[PDB]
Amino acid sequence: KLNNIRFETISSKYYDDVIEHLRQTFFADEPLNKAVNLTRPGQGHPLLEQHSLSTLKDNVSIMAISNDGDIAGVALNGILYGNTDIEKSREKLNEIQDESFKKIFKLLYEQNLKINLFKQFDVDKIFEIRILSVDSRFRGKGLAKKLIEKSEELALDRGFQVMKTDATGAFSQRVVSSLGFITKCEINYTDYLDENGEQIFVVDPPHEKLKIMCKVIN
């Protein structure tokens, strides 16, 4: 049944299910992952999975569970601290052995250098939406938007004042725009070129831009 969907904060007993959901329905089809053939469904990826698990452990992610306990969708959210040493990401960047993964990491890193949301809003932590995923069986039910609404409700509960997402896809961008998020930084995939003038990411329509977007919630 496509109804009686429940929303809950993701706890450890569910990590396996959630990671499986991501392997099966999300990772391979995300615009940038797809552009560089990062992986295929069910196969997963050690780095993607490590990152998702570390995110889950922030205890601010939301899942939509169906009547029979299937993961209908998730919002994997993480906490960004203003006091985290930047160096971190440099080392991480120069540590990766997966060429394809490194390209994505680098684009996200580089764009994030162009703004400082901690200073702009005078906050020491930011609630980051990292993955927004809905299982194909459950599309057309408005779950993606609900997952973000629920994420904002939890963020407010935990005393956050600013939410952020680095949205790589057009559907997620439209969802968060509809909920009041504003673009702070953006770049067209057709404009992000290697030294020889060829695109680093050749991305399938309708995905055209990476947008770093944010919302003041309190």
# chains A, B, ... in the order shown; residues from 1 in each chain; ligands from 1

call {"tool": "closest_atom_pairs", "arguments": {"of": "range 71-129 of chain A", "to": "range 176-186 of chain A", "cutoff": "12 Å", "atoms": "only C-alpha atoms", "output": "Markdown table"}}
result
| residue | atom | partner | partner_atom | distance |
| --- | --- | --- | --- | --- |
| A:107 | CA | A:186 | CA | 11.2 |
| A:108 | CA | A:186 | CA | 10.7 |
| A:110 | CA | A:185 | CA | 11.0 |
| A:111 | CA | A:185 | CA | 7.3 |
| A:112 | CA | A:185 | CA | 8.2 |
| A:113 | CA | A:185 | CA | 10.1 |
| A:114 | CA | A:185 | CA | 7.5 |
| A:115 | CA | A:185 | CA | 7.4 |
| A:116 | CA | A:184 | CA | 9.9 |
| A:117 | CA | A:184 | CA | 9.1 |
| A:120 | CA | A:184 | CA | 10.8 |
| A:129 | CA | A:176 | CA | 10.0 |

call {"tool": "residues_around", "arguments": {"residues": "residue 8 in chain A", "least_positions_apart": "6", "cutoff": "7 Å", "atoms": "only C-alpha atoms", "output": "MDAnalysis selection string"}}
result
chainID A and resid 62:64

call {"tool": "residues_around", "arguments": {"residues": "range 173-175 of chain A", "least_positions_apart": "4", "cutoff": "12 Å", "atoms": "only C-alpha atoms", "output": "JSON, numbers by chain"}}
result
{"A": [129, 131, 132, 133, 142, 143, 144, 145, 146, 147, 148, 149, 164, 165, 166, 167, 168, 169, 179, 180, 181, 182, 183, 186, 206, 207, 208, 209, 210, 211, 212, 213, 214]}

call {"tool": "write_last_selection", "arguments": {"atoms": "N, CA, C and O atoms", "output": "short mmCIF file (atom, residue, chain, number, x, y, z; two decimals), in the first residue's frame"}}
result
data_model
loop_
_atom_site.label_atom_id
_atom_site.label_comp_id
_atom_site.auth_asym_id
_atom_site.auth_seq_id
_atom_site.Cartn_x
_atom_site.Cartn_y
_atom_site.Cartn_z
N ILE A 129 21.45 18.48 4.20
CA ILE A 129 20.78 17.39 3.50
C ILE A 129 21.75 16.82 2.47
O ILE A 129 22.16 17.53 1.54
N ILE A 131 21.64 13.25 1.06
CA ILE A 131 20.98 12.41 0.06
C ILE A 131 19.47 12.51 0.18
O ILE A 131 18.93 12.41 1.27
N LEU A 132 18.77 12.72 -0.93
CA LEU A 132 17.31 12.63 -0.92
C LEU A 132 16.91 11.56 -1.92
O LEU A 132 17.18 11.68 -3.11
N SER A 133 16.28 10.49 -1.43
CA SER A 133 16.11 9.28 -2.23
C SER A 133 14.70 8.74 -2.07
O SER A 133 14.23 8.59 -0.95
N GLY A 142 4.61 12.41 -3.40
CA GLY A 142 5.07 13.61 -2.73
C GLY A 142 6.04 13.35 -1.58
O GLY A 142 6.30 14.24 -0.76
N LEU A 143 6.58 12.14 -1.53
CA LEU A 143 7.46 11.74 -0.42
C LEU A 143 8.73 12.56 -0.33
O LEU A 143 9.18 12.84 0.76
N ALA A 144 9.33 12.90 -1.46
CA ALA A 144 10.59 13.66 -1.42
C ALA A 144 10.40 14.97 -0.65
O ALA A 144 11.19 15.33 0.26
N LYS A 145 9.34 15.70 -1.00
CA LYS A 145 9.06 16.95 -0.32
C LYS A 145 8.76 16.70 1.16
O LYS A 145 9.22 17.45 2.02
N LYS A 146 7.98 15.66 1.47
CA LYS A 146 7.66 15.35 2.87
C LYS A 146 8.91 15.03 3.69
O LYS A 146 9.01 15.41 4.85
N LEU A 147 9.84 14.33 3.07
CA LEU A 147 11.10 13.96 3.70
C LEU A 147 11.89 15.21 4.06
O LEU A 147 12.45 15.32 5.15
N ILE A 148 11.91 16.18 3.16
CA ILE A 148 12.55 17.46 3.53
C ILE A 148 11.79 18.24 4.63
O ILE A 148 12.40 18.78 5.55
N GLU A 149 10.46 18.29 4.53
CA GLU A 149 9.67 18.91 5.60
C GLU A 149 9.98 18.30 6.98
O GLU A 149 10.18 19.01 7.97
N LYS A 164 21.31 23.37 4.64
CA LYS A 164 22.08 23.49 3.42
C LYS A 164 21.98 22.20 2.62
O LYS A 164 21.87 21.11 3.21
N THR A 165 21.98 22.31 1.29
CA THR A 165 22.14 21.12 0.46
C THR A 165 22.96 21.44 -0.77
O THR A 165 22.82 22.51 -1.35
N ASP A 166 23.88 20.55 -1.13
CA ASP A 166 24.60 20.68 -2.39
C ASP A 166 23.87 19.78 -3.37
O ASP A 166 24.16 18.58 -3.47
N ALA A 167 22.90 20.35 -4.07
CA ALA A 167 21.99 19.58 -4.88
C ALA A 167 22.54 19.42 -6.29
O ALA A 167 22.72 20.42 -6.99
N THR A 168 22.80 18.18 -6.69
CA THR A 168 23.36 17.89 -8.01
C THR A 168 22.30 17.64 -9.09
O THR A 168 22.60 17.67 -10.28
N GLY A 169 21.06 17.38 -8.66
CA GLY A 169 20.01 17.01 -9.59
C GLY A 169 18.85 17.98 -9.60
O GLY A 169 18.56 18.64 -8.59
N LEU A 179 10.44 24.51 -1.02
CA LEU A 179 10.36 24.66 0.44
C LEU A 179 11.12 25.87 1.01
O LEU A 179 11.32 25.98 2.21
N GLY A 180 11.55 26.78 0.14
CA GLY A 180 12.13 28.02 0.62
C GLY A 180 13.64 28.11 0.58
O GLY A 180 14.22 29.11 1.02
N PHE A 181 14.29 27.08 0.05
CA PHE A 181 15.74 27.12 -0.08
C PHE A 181 16.14 28.06 -1.22
O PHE A 181 15.43 28.19 -2.22
N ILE A 182 17.29 28.70 -1.05
CA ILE A 182 17.78 29.71 -1.98
C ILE A 182 19.15 29.32 -2.50
O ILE A 182 19.97 28.82 -1.74
N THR A 183 19.39 29.55 -3.78
CA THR A 183 20.70 29.21 -4.35
C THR A 183 21.76 30.22 -3.98
O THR A 183 21.61 31.43 -4.22
N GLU A 186 26.19 28.35 -7.88
CA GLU A 186 25.79 27.37 -8.88
C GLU A 186 26.77 27.27 -10.03
O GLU A 186 27.53 28.20 -10.30
N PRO A 206 17.27 15.77 -17.08
CA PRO A 206 17.17 17.23 -17.10
C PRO A 206 18.16 17.90 -16.16
O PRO A 206 17.99 19.08 -15.86
N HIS A 207 19.16 17.17 -15.69
CA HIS A 207 20.15 17.70 -14.76
C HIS A 207 21.15 18.65 -15.41
O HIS A 207 21.90 18.24 -16.21
N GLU A 208 21.13 19.91 -15.05
CA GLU A 208 21.98 20.90 -15.72
C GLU A 208 23.01 21.60 -14.83
O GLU A 208 24.06 22.03 -15.32
N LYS A 209 22.71 21.75 -13.54
CA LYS A 209 23.58 22.52 -12.65
C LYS A 209 23.80 21.83 -11.33
O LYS A 209 22.95 21.06 -10.87
N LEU A 210 24.94 22.13 -10.71
CA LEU A 210 25.13 21.87 -9.29
C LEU A 210 24.75 23.17 -8.59
O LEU A 210 25.26 24.25 -8.95
N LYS A 211 23.84 23.08 -7.62
CA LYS A 211 23.44 24.27 -6.87
C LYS A 211 23.67 24.06 -5.39
O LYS A 211 23.17 23.09 -4.84
N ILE A 212 24.42 24.95 -4.77
CA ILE A 212 24.52 24.95 -3.32
C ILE A 212 23.44 25.90 -2.81
O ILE A 212 23.45 27.12 -3.12
N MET A 213 22.52 25.33 -2.02
CA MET A 213 21.29 26.01 -1.63
C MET A 213 21.14 25.98 -0.12
O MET A 213 21.58 25.04 0.54
N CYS A 214 20.49 27.00 0.43
CA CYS A 214 20.35 27.05 1.88
C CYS A 214 19.05 27.71 2.32
O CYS A 214 18.38 28.37 1.53
#

call {"tool": "atom_distance", "arguments": {"atom1": "CA of residue 89 in chain A", "atom2": "CA of residue 104 in chain A"}}
result
12.8 Å

call {"tool": "residues_around", "arguments": {"residues": "range 2-4 of chain A", "least_positions_apart": "4", "cutoff": "7 Å", "atoms": "only C-alpha atoms", "output": "PyMOL selection string"}}
result
chain A and resi 66-67+138

call {"tool": "closest_residue", "arguments": {"among": "A:74, A:217, A:202, A:163", "to": "residue 118 in chain A", "atoms": "only C-alpha atoms"}}
result
A:163

call {"tool": "closest_residue", "arguments": {"among": "A:197, A:78, A:159, A:205", "to": "residue 58 in chain A", "atoms": "only C-alpha atoms"}}
result
A:78

call {"tool": "residues_around", "arguments": {"residues": "residue 29 in chain A", "least_positions_apart": "4", "cutoff": "12 Å", "atoms": "only C-alpha atoms", "output": "JSON, numbers by chain"}}
result
{"A": [22, 23, 24, 25, 33, 34, 35, 36, 37, 38, 39, 40, 41, 42, 44, 133, 134, 135, 136, 168, 169, 203, 204, 207]}

call {"tool": "atom_distance", "arguments": {"atom1": "CA of residue 59 in chain A", "atom2": "CA of residue 153 in chain A"}}
result
13.9 Å

call {"tool": "closest_residue", "arguments": {"among": "A:187, A:86, A:56, A:47", "to": "residue 27 in chain A", "atoms": "only C-alpha atoms"}}
result
A:47

call {"tool": "select_by_dssp", "arguments": {"residues": "chain A", "states": "alpha helix (DSSP H)", "output": "PyMOL selection string"}}
result
chain A and resi 15-21+31-35+46-56+87-93+99-112+117-121+143-157+170-178

call {"tool": "atom_distance", "arguments": {"atom1": "CA of residue 76 in chain A", "atom2": "CA of residue 53 in chain A"}}
result
9.5 Å

call {"tool": "closest_residue", "arguments": {"among": "A:45, A:125, A:51, A:57", "to": "residue 98 in chain A", "atoms": "only C-alpha atoms"}}
result
A:45

call {"tool": "select_by_dssp", "arguments": {"residues": "range 19-203 of chain A", "states": "strand (DSSP E or B)", "output": "PyMOL selection string"}}
result
chain A and resi 62-65+71-81+125-134+162-167+182-188+193+199

call {"tool": "write_last_selection", "arguments": {"atoms": "N, CA and C atoms", "output": "tab-separated table (two decimals), in the first residue's frame"}}
result
chain	number	residue	atom	x	y	z
A	62	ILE	N	16.21	10.99	8.18
A	62	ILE	CA	14.79	10.64	8.25
A	62	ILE	C	14.51	9.53	7.24
A	63	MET	N	13.70	8.54	7.62
A	63	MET	CA	13.24	7.55	6.66
A	63	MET	C	11.72	7.54	6.60
A	64	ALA	N	11.23	7.23	5.41
A	64	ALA	CA	9.83	6.97	5.11
A	64	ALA	C	9.72	5.47	4.93
A	65	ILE	N	8.94	4.86	5.83
A	65	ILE	CA	8.67	3.43	5.89
A	65	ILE	C	7.22	3.11	5.53
A	71	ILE	N	11.55	0.47	3.09
A	71	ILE	CA	12.05	1.83	3.01
A	71	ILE	C	11.48	2.42	1.73
A	72	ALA	N	10.58	3.38	1.88
A	72	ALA	CA	10.00	4.06	0.73
A	72	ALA	C	10.94	5.17	0.31
A	73	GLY	N	11.61	5.79	1.29
A	73	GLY	CA	12.57	6.83	0.91
A	73	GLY	C	13.38	7.29	2.10
A	74	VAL	N	14.45	8.04	1.86
A	74	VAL	CA	15.22	8.59	2.97
A	74	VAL	C	15.76	9.97	2.65
A	75	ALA	N	15.99	10.73	3.71
A	75	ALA	CA	16.77	11.95	3.66
A	75	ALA	C	17.95	11.70	4.57
A	76	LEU	N	19.12	11.48	3.99
A	76	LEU	CA	20.34	11.33	4.79
A	76	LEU	C	20.91	12.71	5.00
A	77	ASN	N	20.97	13.10	6.27
A	77	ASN	CA	21.35	14.43	6.70
A	77	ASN	C	22.57	14.31	7.60
A	78	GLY	N	23.43	15.31	7.53
A	78	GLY	CA	24.61	15.34	8.37
A	78	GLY	C	24.78	16.70	9.03
A	79	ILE	N	25.71	16.78	9.97
A	79	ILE	CA	25.94	18.01	10.70
A	79	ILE	C	27.31	18.56	10.31
A	80	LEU	N	27.32	19.80	9.81
A	80	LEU	CA	28.58	20.46	9.46
A	80	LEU	C	28.96	21.43	10.56
A	81	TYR	N	30.19	21.34	11.07
A	81	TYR	CA	30.64	22.28	12.10
A	81	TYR	C	31.58	23.32	11.55
A	125	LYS	N	27.15	25.70	13.45
A	125	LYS	CA	26.80	24.40	12.87
A	125	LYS	C	25.67	24.56	11.86
A	126	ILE	N	25.65	23.68	10.87
A	126	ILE	CA	24.67	23.72	9.80
A	126	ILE	C	24.13	22.32	9.56
A	127	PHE	N	22.83	22.23	9.30
A	127	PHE	CA	22.17	20.95	9.08
A	127	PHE	C	22.19	20.69	7.58
A	128	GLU	N	22.94	19.67	7.15
A	128	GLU	CA	23.12	19.43	5.71
A	128	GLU	C	22.31	18.24	5.19
A	129	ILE	N	21.45	18.48	4.20
A	129	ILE	CA	20.78	17.39	3.50
A	129	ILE	C	21.75	16.82	2.47
A	130	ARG	N	22.16	15.56	2.64
A	130	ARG	CA	23.18	14.98	1.77
A	130	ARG	C	22.62	14.08	0.69
A	131	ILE	N	21.64	13.25	1.06
A	131	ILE	CA	20.98	12.41	0.06
A	131	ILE	C	19.47	12.51	0.18
A	132	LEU	N	18.77	12.72	-0.93
A	132	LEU	CA	17.31	12.63	-0.92
A	132	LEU	C	16.91	11.56	-1.92
A	133	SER	N	16.28	10.49	-1.43
A	133	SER	CA	16.11	9.28	-2.23
A	133	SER	C	14.70	8.74	-2.07
A	134	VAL	N	14.02	8.46	-3.19
A	134	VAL	CA	12.71	7.83	-3.12
A	134	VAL	C	12.67	6.60	-4.04
A	162	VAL	N	20.13	26.99	10.36
A	162	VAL	CA	20.45	27.02	8.94
A	162	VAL	C	20.54	25.61	8.37
A	163	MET	N	19.84	25.39	7.25
A	163	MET	CA	19.93	24.14	6.49
A	163	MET	C	20.63	24.40	5.15
A	164	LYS	N	21.31	23.37	4.64
A	164	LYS	CA	22.08	23.49	3.42
A	164	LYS	C	21.98	22.20	2.62
A	165	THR	N	21.98	22.31	1.29
A	165	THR	CA	22.14	21.12	0.46
A	165	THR	C	22.96	21.44	-0.77
A	166	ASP	N	23.88	20.55	-1.13
A	166	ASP	CA	24.60	20.68	-2.39
A	166	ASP	C	23.87	19.78	-3.37
A	167	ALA	N	22.90	20.35	-4.07
A	167	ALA	CA	21.99	19.58	-4.88
A	167	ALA	C	22.54	19.42	-6.29
A	182	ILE	N	17.29	28.70	-1.05
A	182	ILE	CA	17.78	29.71	-1.98
A	182	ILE	C	19.15	29.32	-2.50
A	183	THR	N	19.39	29.55	-3.78
A	183	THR	CA	20.70	29.21	-4.35
A	183	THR	C	21.76	30.22	-3.98
A	184	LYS	N	22.85	29.74	-3.39
A	184	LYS	CA	23.95	30.62	-3.00
A	184	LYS	C	25.11	30.49	-3.96
A	185	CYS	N	25.20	29.34	-4.62
A	185	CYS	CA	26.30	29.14	-5.56
A	185	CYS	C	25.84	28.15	-6.61
A	186	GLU	N	26.19	28.35	-7.88
A	186	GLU	CA	25.79	27.37	-8.88
A	186	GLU	C	26.77	27.27	-10.03
A	187	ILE	N	26.73	26.13	-10.72
A	187	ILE	CA	27.59	25.93	-11.88
A	187	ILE	C	26.94	24.96	-12.86
A	188	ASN	N	27.00	25.30	-14.15
A	188	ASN	CA	26.50	24.42	-15.19
A	188	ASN	C	27.50	23.32	-15.47
A	193	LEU	N	34.92	22.27	-17.15
A	193	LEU	CA	35.72	21.63	-18.20
A	193	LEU	C	37.11	21.22	-17.73
A	199	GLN	N	34.01	18.42	-21.13
A	199	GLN	CA	33.30	18.32	-19.85
A	199	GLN	C	33.87	17.22	-18.97
